Amino acid sequence: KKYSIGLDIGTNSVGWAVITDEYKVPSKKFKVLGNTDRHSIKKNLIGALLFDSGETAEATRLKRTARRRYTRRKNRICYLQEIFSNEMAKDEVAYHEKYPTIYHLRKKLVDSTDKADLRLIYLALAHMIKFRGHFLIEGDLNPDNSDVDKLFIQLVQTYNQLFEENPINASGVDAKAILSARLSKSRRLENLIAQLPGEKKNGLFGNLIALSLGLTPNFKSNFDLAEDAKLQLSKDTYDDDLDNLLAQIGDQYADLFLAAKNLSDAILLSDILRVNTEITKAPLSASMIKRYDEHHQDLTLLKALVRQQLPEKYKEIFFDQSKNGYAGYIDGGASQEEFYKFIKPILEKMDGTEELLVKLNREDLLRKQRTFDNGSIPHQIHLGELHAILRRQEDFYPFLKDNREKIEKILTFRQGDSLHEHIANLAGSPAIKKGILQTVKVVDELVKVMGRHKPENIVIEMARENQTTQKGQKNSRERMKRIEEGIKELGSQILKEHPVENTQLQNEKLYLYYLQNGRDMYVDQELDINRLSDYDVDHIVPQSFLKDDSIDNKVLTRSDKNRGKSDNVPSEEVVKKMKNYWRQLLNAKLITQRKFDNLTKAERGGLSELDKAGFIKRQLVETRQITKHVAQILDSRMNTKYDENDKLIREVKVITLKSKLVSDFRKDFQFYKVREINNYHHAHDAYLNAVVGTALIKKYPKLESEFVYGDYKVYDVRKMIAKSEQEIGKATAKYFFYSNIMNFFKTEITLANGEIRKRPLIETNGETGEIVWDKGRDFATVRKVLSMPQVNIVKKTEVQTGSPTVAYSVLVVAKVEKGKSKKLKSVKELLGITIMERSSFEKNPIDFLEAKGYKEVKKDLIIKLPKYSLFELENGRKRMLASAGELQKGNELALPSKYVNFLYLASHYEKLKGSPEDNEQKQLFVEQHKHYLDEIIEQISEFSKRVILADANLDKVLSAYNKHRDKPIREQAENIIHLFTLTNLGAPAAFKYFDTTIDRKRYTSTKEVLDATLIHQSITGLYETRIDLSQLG
RNA sequence: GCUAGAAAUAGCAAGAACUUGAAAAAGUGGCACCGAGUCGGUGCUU
């Protein structure tokens, strides 16, 4: 019936789930192929695909290659020729002297009314089509997406959004006056750095601006990388270099560099448009002409000066060509930087060299027309020049009038290539590109499974990479530098009387204690250093208005009753008393401008419609561009119908969600996530994403434009927010007065005063009268879904493509010679095929095997076995094929939800980060159910006895658990979480218990696989083909 | 390209599995309900 798909895209896993209207996951019967007696299996429509990174055919197909680009461009030229064909069917010296560069021809064709030869017109059009420019800016050129100021603000906004801890606030800066000024790149960089006292040229932001100006910054110090990663936007090989860089540090910084590129284009766009002589001209071509003219002037001046003053070495400049001279610059293989390095001392020595040096320092002296800068030209400019030329030559050529929109669409449409090329064009690491391809294939298979019925909704989450612990110190270092700078600026030696290190500053209440100068925020009294348990953590902006649990919106105080009776920010009576202390904490860079604004928001009226809209946009809109591109790919592949007009019929809505929504949903209703148990949590996150997405699109359809990707009817702030909290409640079409979007999930709403508001048991849409949430059946359903033990975890088997390396193994049945008599004995062996041997084997397998020493091979039974091939043995125990002589664990430990929640609460004991009432009730819940620990150990034991089969390790960990049974529950739960690594899917890894270290238990024997059941799994695992290998022989 | 010279050589100018296919590529895996130890059972219907 009606359904929706939830997706959790990551770098090592892709979670997927299908939900119905009642938020249930269907369980269906699937056919089982092969030659066994099992012909049907019942499977739950929920799972997660796993795929380790590596060298694969698919991977190379998704990499950018010169050849694919080349054929693309060639195709475009072919189309252009096809457009000119039907009418075409019905000088060198002159050209070069009249137009010494193509930009002369272009500017003439845009600014000349005279009739031109059609061949030159074709040359111009082909040059504009072949190198059409980037598509990072969407739509027509306008100051909103073109001026340097707005894009610089957008860059620092993206920066602060990506970090928010120690962010940069830039309001006084005049980005236009600094970046657009006519000076050298390095001097512009230093001039911008001078306006930011907290950042330096070698910092991350400094390196980003340097990258945007056209320099070659080094990002090793910003990310501590082992290998040097240099980036230059103008260089043609920047994209794959960025893809390498992003692969090292993750794709979260991808959008950052994208904004940097945009800033570069903006600076260039202001640098090119500055020489705007006439309003109706062609700025790019005219500027290239001016560059040519300056080149010509400087050239003739150089020859004059050289001939008069320096007769010697003229041949070295214009005749030798072997040492990168001017003759080498024009006729030889000498780059612009080499020519500058060669001609710098000649200009330094000579007299009468004024004016040439100010151009030399600005890197605009004797420039060529084919240089590294043309990659930055947007396509809207070429579209403008094309429109101008078409308008000038409209009456002369009728087919330009007839095919104007055709040519324009060919240049602007993004022709339509393959899906592999669309994924290859993306800006990200090969991992997320692989994941995107896998996601598309997963969607295709899922809609195939549902009788070719497309879902109503496809909810997308970009799964976050949990902390790798190398970053667990970086955050502590940044907050530590903030504390040290604030203390040194103020002058209160709290660190002298109470020394602390960056390790202890991870605690929320201690970090807030040091952020607040060891003083109460609301009262003029010193805080007790060793009585923080009695102290409460208050939210500057209540949770009823906005879900912000960062340090930016948190304070530490002895009692949260001091904020007063209002549900808003703390009252003016406290602000008036503490304004001096808050202004000293403000000017000491202990807090940001926004935090001071929120603390002092009652002085400027209180919450406003603009503030609530800003909160909604902060919570509901996704800033990451990569997510929008994934949604674009899925939307284009899923939605392809139209109507009579040129309007796209959107049958499937692609909803984009933030991780904070699902995380807070788990934390608020105790649907806790523990990644260490098994790999099911990806699928579970996908399911909860589907639930949350469907709930938001059903409750607030008019807010689709905020999350759903597409071109929808725009909206404002008046129709959304009610005048009064209660006096307009349930009597207007306004959806919500409180700015937190996730309130409709809650049954009750606790405000900042303590009054507990009640909401109906059944949530329905106001306009259409459709039930959107049943607060009873749906929570029971969610818990039931999280309790299901059968979740489809599939490891993508891949042939390796790129101490020899085995591409894949093969199952061979034949006979061999044994003993002195050379008697033939039938054998079945696992042979490893090297990457080199793969071609020869696929060319002629039998001859290869006969050369290897096998006799009488059965060609039909030769079975290809890539890495991670799954085999099943007795009692459902499963093993994956790692190599020709080693196996990996193939089972997933399914743990009941009650034990998962108990384990989370035991581990998250000190870091609950919640209200005291529920925190104490959770503590009592953990303490009362200590027996659950023994129960959990029993679970792993039975599970281990069934599928792991490691008696020695099990005895060791059982004994080690028996020695430390009386230890506290927190550390005990942590050591059980560590102990779960023994049963984790994949390769055995060494893990640490309380004082024990359990070494890996390798599986060196491989003979049993030869008589097990090989299970060929589809990408989702719903479709299985099971081959009983014991029957082959 | 311009001037000389038998040349050589000199002066100048200027800008997963399976099926079909060679391949790209097309195809192959029923619907509800009660449960839930890696999925089981029942009804309908191929």
# chains A, B, ... in the order shown; residues from 1 in each chain; ligands from 1
call {"tool": "interface_residues", "arguments": {"of": "chain B", "to": "chain A", "cutoff": "8 Å", "atoms": "only C-alpha atoms (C1' of nucleotides)", "output": "PyMOL selection string"}}
result
chain B and resi 15-17+29+36-39
call {"tool": "write_last_selection", "arguments": {"atoms": "N, CA and C atoms (P, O5', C5', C4', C3', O3' and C1' of nucleotides)", "output": "PDB file, in the first residue's frame"}}
result
ATOM      1  P     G B  15      51.913  42.997 -34.544  1.00  0.00           P
ATOM      2  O5'   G B  15      51.522  42.388 -33.125  1.00  0.00           O
ATOM      3  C5'   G B  15      50.363  41.575 -32.965  1.00  0.00           C
ATOM      4  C4'   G B  15      50.518  40.242 -33.654  1.00  0.00           C
ATOM      5  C3'   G B  15      49.722  39.092 -33.047  1.00  0.00           C
ATOM      6  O3'   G B  15      49.319  38.199 -34.084  1.00  0.00           O
ATOM      7  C1'   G B  15      52.020  38.575 -32.987  1.00  0.00           C
ATOM      8  P     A B  16      28.066  -6.106  -7.270  1.00  0.00           P
ATOM      9  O5'   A B  16      28.664  -7.508  -6.807  1.00  0.00           O
ATOM     10  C5'   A B  16      28.375  -8.693  -7.531  1.00  0.00           C
ATOM     11  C4'   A B  16      28.038  -9.845  -6.619  1.00  0.00           C
ATOM     12  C3'   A B  16      27.552 -11.107  -7.315  1.00  0.00           C
ATOM     13  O3'   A B  16      28.602 -11.918  -7.809  1.00  0.00           O
ATOM     14  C1'   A B  16      26.110 -10.597  -5.510  1.00  0.00           C
ATOM     15  P     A B  17      28.492 -12.599  -9.261  1.00  0.00           P
ATOM     16  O5'   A B  17      27.216 -13.543  -9.159  1.00  0.00           O
ATOM     17  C5'   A B  17      27.196 -14.671  -8.303  1.00  0.00           C
ATOM     18  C4'   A B  17      25.863 -15.374  -8.353  1.00  0.00           C
ATOM     19  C3'   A B  17      25.338 -15.726  -9.737  1.00  0.00           C
ATOM     20  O3'   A B  17      25.900 -16.916 -10.253  1.00  0.00           O
ATOM     21  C1'   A B  17      23.610 -14.744  -8.479  1.00  0.00           C
ATOM     22  P     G B  29      10.029 -11.542 -11.353  1.00  0.00           P
ATOM     23  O5'   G B  29      10.334 -12.189  -9.935  1.00  0.00           O
ATOM     24  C5'   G B  29       9.807 -13.468  -9.602  1.00  0.00           C
ATOM     25  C4'   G B  29      10.191 -13.867  -8.204  1.00  0.00           C
ATOM     26  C3'   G B  29       9.796 -12.882  -7.106  1.00  0.00           C
ATOM     27  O3'   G B  29       9.486 -13.577  -5.898  1.00  0.00           O
ATOM     28  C1'   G B  29      12.153 -13.136  -7.155  1.00  0.00           C
ATOM     29  P     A B  36       6.070 -11.910  20.312  1.00  0.00           P
ATOM     30  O5'   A B  36       7.276 -12.512  19.469  1.00  0.00           O
ATOM     31  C5'   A B  36       7.660 -13.881  19.578  1.00  0.00           C
ATOM     32  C4'   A B  36       8.799 -14.177  18.638  1.00  0.00           C
ATOM     33  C3'   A B  36      10.123 -13.589  19.093  1.00  0.00           C
ATOM     34  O3'   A B  36      11.201 -14.414  18.687  1.00  0.00           O
ATOM     35  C1'   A B  36       9.552 -12.689  16.998  1.00  0.00           C
ATOM     36  P     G B  37      12.421 -14.658  19.685  1.00  0.00           P
ATOM     37  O5'   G B  37      13.459 -15.470  18.803  1.00  0.00           O
ATOM     38  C5'   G B  37      13.692 -15.070  17.456  1.00  0.00           C
ATOM     39  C4'   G B  37      15.114 -15.350  17.064  1.00  0.00           C
ATOM     40  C3'   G B  37      15.521 -16.819  17.018  1.00  0.00           C
ATOM     41  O3'   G B  37      16.503 -17.011  16.004  1.00  0.00           O
ATOM     42  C1'   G B  37      16.770 -15.713  18.685  1.00  0.00           C
ATOM     43  P     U B  38      16.103 -17.603  14.565  1.00  0.00           P
ATOM     44  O5'   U B  38      16.839 -16.654  13.523  1.00  0.00           O
ATOM     45  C5'   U B  38      16.156 -15.531  12.976  1.00  0.00           C
ATOM     46  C4'   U B  38      17.078 -14.590  12.240  1.00  0.00           C
ATOM     47  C3'   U B  38      18.132 -15.261  11.365  1.00  0.00           C
ATOM     48  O3'   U B  38      18.383 -14.456  10.213  1.00  0.00           O
ATOM     49  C1'   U B  38      19.183 -13.897  12.982  1.00  0.00           C
ATOM     50  P     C B  39      17.904 -14.934   8.756  1.00  0.00           P
ATOM     51  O5'   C B  39      16.385 -14.465   8.743  1.00  0.00           O
ATOM     52  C5'   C B  39      15.317 -15.313   8.350  1.00  0.00           C
ATOM     53  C4'   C B  39      14.616 -15.868   9.562  1.00  0.00           C
ATOM     54  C3'   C B  39      13.295 -16.584   9.312  1.00  0.00           C
ATOM     55  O3'   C B  39      13.417 -17.923   8.864  1.00  0.00           O
ATOM     56  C1'   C B  39      13.056 -15.090  11.116  1.00  0.00           C
TER      57        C B  39
END
call {"tool": "residues_around", "arguments": {"residues": "stretch 774-777 of chain A", "least_positions_apart": "3", "cutoff": "8 Å", "atoms": "only C-alpha atoms (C1' of nucleotides)", "output": "PyMOL selection string"}}
result
chain A and resi 747+761-763+771+780-781
call {"tool": "select_by_dssp", "arguments": {"residues": "stretch 653-877 of chain A", "states": "alpha helix (DSSP H)", "output": "PyMOL selection string"}}
result
chain A and resi 659-668+680-699+704-707+777-787+835-843+845-852
call {"tool": "closest_residue", "arguments": {"among": "B:30, B:1, B:44, B:35", "to": "residue B:13", "atoms": "only C-alpha atoms (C1' of nucleotides)"}}
result
B:1
call {"tool": "select_by_dssp", "arguments": {"residues": "stretch 744-926 of chain A", "states": "strand (DSSP E)", "output": "PyMOL selection string"}}
result
chain A and resi 748-750+756-758+762-764+771-774+792-795+806-818+823-834+863-865+869-872+878-881+887-889
call {"tool": "atom_distance", "arguments": {"atom1": "atom CA of residue A:748", "atom2": "atom CA of residue A:543"}}
result
12.9 Å
call {"tool": "atom_distance", "arguments": {"atom1": "atom CA of residue A:623", "atom2": "atom CA of residue A:161"}}
result
8.1 Å
call {"tool": "atom_distance", "arguments": {"atom1": "atom CA of residue A:906", "atom2": "atom CA of residue A:981"}}
result
18.0 Å
call {"tool": "residues_around", "arguments": {"residues": "residue A:945", "least_positions_apart": "6", "cutoff": "12 Å", "atoms": "only C-alpha atoms (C1' of nucleotides)", "output": "VMD selection string"}}
result
chain A and resid 874 to 877 938 to 939 951 to 955 983
call {"tool": "closest_residue", "arguments": {"among": "A:74, A:825, A:1002, A:628", "to": "residue A:657", "atoms": "only C-alpha atoms"}}
result
A:628
call {"tool": "residues_around", "arguments": {"residues": "residue A:881", "least_positions_apart": "4", "cutoff": "7 Å", "atoms": "only C-alpha atoms (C1' of nucleotides)", "output": "short mmCIF file (atom, residue, chain, number, x, y, z; two decimals) with N, CA and C atoms, in the first residue's frame"}}
result
data_model
loop_
_atom_site.label_atom_id
_atom_site.label_comp_id
_atom_site.auth_asym_id
_atom_site.auth_seq_id
_atom_site.Cartn_x
_atom_site.Cartn_y
_atom_site.Cartn_z
N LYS A 867 35.89 -11.51 -2.53
CA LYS A 867 36.09 -11.29 -1.10
C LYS A 867 34.77 -11.01 -0.40
N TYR A 868 34.68 -11.48 0.85
CA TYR A 868 33.48 -11.37 1.69
C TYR A 868 32.33 -12.24 1.19
N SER A 869 32.64 -13.31 0.46
CA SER A 869 31.60 -14.26 0.07
C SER A 869 31.08 -15.00 1.29
N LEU A 870 29.76 -15.02 1.45
CA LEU A 870 29.12 -15.53 2.65
C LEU A 870 28.80 -17.02 2.53
N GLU A 886 41.74 -17.64 4.80
CA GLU A 886 41.24 -17.01 6.02
C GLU A 886 39.79 -16.59 5.86
N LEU A 887 39.05 -16.68 6.97
CA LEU A 887 37.64 -16.34 7.05
C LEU A 887 37.43 -15.22 8.06
N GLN A 888 36.26 -14.58 7.98
CA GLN A 888 35.81 -13.56 8.92
C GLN A 888 34.48 -13.97 9.53
#
